[PDB]
2 protein chains.
Amino acid sequence: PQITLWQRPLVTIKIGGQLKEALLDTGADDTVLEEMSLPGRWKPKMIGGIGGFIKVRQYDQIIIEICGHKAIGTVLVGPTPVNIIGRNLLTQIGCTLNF
Amino acid sequence: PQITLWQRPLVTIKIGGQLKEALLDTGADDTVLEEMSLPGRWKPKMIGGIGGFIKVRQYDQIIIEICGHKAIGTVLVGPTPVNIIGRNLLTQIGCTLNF
Ligand SMILES: COC(=O)[C@@H](NC(=O)[C@@H](NC(=O)CC[C@H](O)[C@H](Cc1ccccc1)NC(=O)[C@H](C)NC(=O)[C@H](C)N)C(C)C)C(C)C
């Protein structure tokens, strides 16, 4: 679909048997989600942003459905203020910037 | 032009007689530039991100040329790690997200 940018570009994801809202972010290399119940094993890691660096928990291989398309990748669950889908999953569903 | 997202979507801006590179960011409401030489007057303000909140200086009315299109808005100069062009200028040159 074409999304214009007069409002925050928010979308619905299914991940974990659970539904949430995420912001399509073209200036995020990683997908960071606020604290949620996910199973398996994971590594510690650290992500940078504006005003900070946070400690997050790295999960690989996840089932993420983003606006009905499926994808599989690395999801970092940690203390973000908003769910962020970043450039590792965005390429997988084909999003592009055009102006 | 169509930008695909396998690399960070970076573009050239002319602001202040000076040339720089900025990331087109759909998850940033405000345009935040790292510290640069701009004239006039401005207010203190504070912006949030991942990992924190920062104090920035707010200028209104600026001449920003982003990839050959012109635009005029509020630019926040402060301690970002990278130059961010946000949703207030991005609508003015027409960018859209499509997938
Ligand atoms: C190792 O990876 C690094 O740590 C690199 N980081 C990145 O690429 C990271 N991207 C980023 O860090 C880029 C910034 C994001 O796109 C955030 C998203 C946000 C909006 C609202 C609330 C909270 C967050 N926007 C903002 O911080 C903007 C300036 N803030 C605002 O618009 C506020 C809410 N009014 C991602 C990990 C998220 C860094 C070198 C650029």
Side-chain angles (χ1 to χ4, degrees), chain A residues 1-5 7-15 20-34 36 38 42-43 45-99, chain B residues 1-13 20-34 48-51 66-67 80-87 89-91 93-99:
Chain A
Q2 202 178 303
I3 292 186
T4 67
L5 271 329
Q7 291 291 250
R8 282 186 188 192
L10 283 180
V11 108
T12 290
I13 57 170
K14 186 193 73 64
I15 171 153
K20 325 295 262 309
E21 269 179 280
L23 177 90
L24 305 166
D25 196 348
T26 41
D29 322 308
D30 305 304
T31 290
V32 184
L33 301 170
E34 55 196 87
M36 75 173 288
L38 274 181
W42 55 268
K43 264 68 65 279
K45 190 182 177 163
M46 210 148 155
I47 211 84
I50 236 73
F53 270 96
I54 49 176
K55 209 69 185 188
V56 292
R57 307 180 308 160
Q58 180 177 342
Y59 289 73
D60 304 1
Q61 299 291 143
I62 307 301
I63 182 65
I64 318 88
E65 296 209 64
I66 159 176
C67 194
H69 313 25
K70 306 217 189 61
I72 205 140
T74 320
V75 167
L76 277 66
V77 172
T80 177
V82 70
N83 295 322
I84 288 152
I85 296 310
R87 272 172 54 244
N88 59 328
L89 296 184
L90 262 35
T91 51
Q92 222 159 128
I93 58 175
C95 297
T96 44
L97 229 48
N98 311 47
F99 66 94
Chain B
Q2 205 176 312
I3 290 190
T4 79
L5 269 332
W6 296 96
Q7 287 294 249
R8 283 188 191 188
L10 280 189
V11 108
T12 293
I13 61 164
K20 324 302 245 316
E21 270 178 277
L23 182 95
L24 308 162
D25 201 347
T26 44
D29 321 319
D30 309 290
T31 293
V32 184
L33 296 175
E34 56 198 77
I50 238 84
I66 156 179
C67 192
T80 179
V82 71
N83 289 324
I84 287 158
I85 290 312
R87 269 170 58 246
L89 289 188
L90 244 51
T91 49
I93 62 171
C95 303
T96 42
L97 225 51
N98 317 51
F99 71 84

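To find a chain, count down the sequence lines: A is the first, B the second, and so on, and within it residues start at 1. Computation of the quantities below employed the complete heavy-atom set of this structure, encompassing side-chain atoms and omitting hydrogens, waters and symmetry-equivalent molecules.
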Next on the checklist: Once ring-ring contact (aromatic ring centres under 6.0 Å, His included) is applied, do any residues pair with A/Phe53, and if so which ones, sequence neighbours excluded?
Outcome noted: none

Next on the checklist: Once rounded to the nearest 0.5 Å, what's the spacing between atom CD1 of A/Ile62 and atom CG of A/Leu38?
Outcome noted: 5.5 Å

Item to check | Residues that A/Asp30 engages under side chain to side chain contact (heavy atoms under 4.5 Å, CB included), provided they are two or more places apart | outcome: A/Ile47, A/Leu76

Item to check | Exercise: identify the closest heavy-atom pair between B/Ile50 and A/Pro81 | outcome: CD1-CD, 4.0 Å

Checklist entry - Going by heavy atoms in the side chains, are B/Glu34 and B/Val82 under 4.5 Å from each other? => result no

Next on the checklist: Return the CG to CG distance between A/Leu23 and A/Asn83, rounded to the nearest 0.5 Å.
Outcome noted: 9.0 Å

Next on the checklist: Please give me the minimum heavy-atom distance between A/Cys67 and A/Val11, naming the atom from each residue.
Outcome noted: CB-CG2, 4.0 Å

Checklist outcome for this item: For A/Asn88, the side chain to side chain donor-acceptor pair (under 3.5 Å) test, sequence neighbours excluded, returns A/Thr31

Item to check | Which atom of A/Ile54 lies closest to which atom of B/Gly51, heavy atoms considered | outcome: CG2-CA, 4.0 Å

Item to check | Nearest non-hydrogen partners of A/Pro9 and B/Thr26, listed with the distance | outcome: CD-O, 3.6 Å

Checklist entry - How far does CG of B/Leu97 sit from CD1 of B/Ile3, to the nearest 0.5 angstrom? => result 11.5 Å

Item to check | Residue of the set A/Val32, A/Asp25, A/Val75, A/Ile66 for which side chain to side chain contact (heavy atoms under 4.5 Å, CB included) holds with A/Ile85 | outcome: A/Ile66

Item to check | Selection residues 56-73 of chain A - residue pairs positive for salt bridge (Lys or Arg N to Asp or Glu O under 4.0 Å), sequence neighbours left out | outcome: none

Checklist entry - Going by the ring-ring contact (aromatic ring centres under 6.0 Å, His included) test, which pairs reach into residues 71-99 of chain A, not counting sequence neighbours? => result A/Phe99-B/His69

Item to check | Qualifying residues under side chain to side chain donor-acceptor pair (under 3.5 Å), relative to B/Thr80, sequence neighbours excluded | outcome: none

Next on the checklist: According to side chain to side chain contact (heavy atoms under 4.5 Å, CB included), who are the partners of A/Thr91, at least two apart in sequence or on a separate chain?
Outcome noted: B/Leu5, B/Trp6

Checklist entry - Does A/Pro1 reach the side chain of B/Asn98, with side-chain heavy atoms less than 4.5 Å apart? => result no

Next on the checklist: Within the 4.5 Å heavy-atom criterion, are B/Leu33 and B/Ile13 side-chain neighbours or not?
Outcome noted: yes

Checklist entry - According to the salt bridge (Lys or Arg N to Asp or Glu O under 4.0 Å) rule, which pairs have a member within residues 79-96 of chain A, sequence neighbours left out? => result A/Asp29-A/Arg87

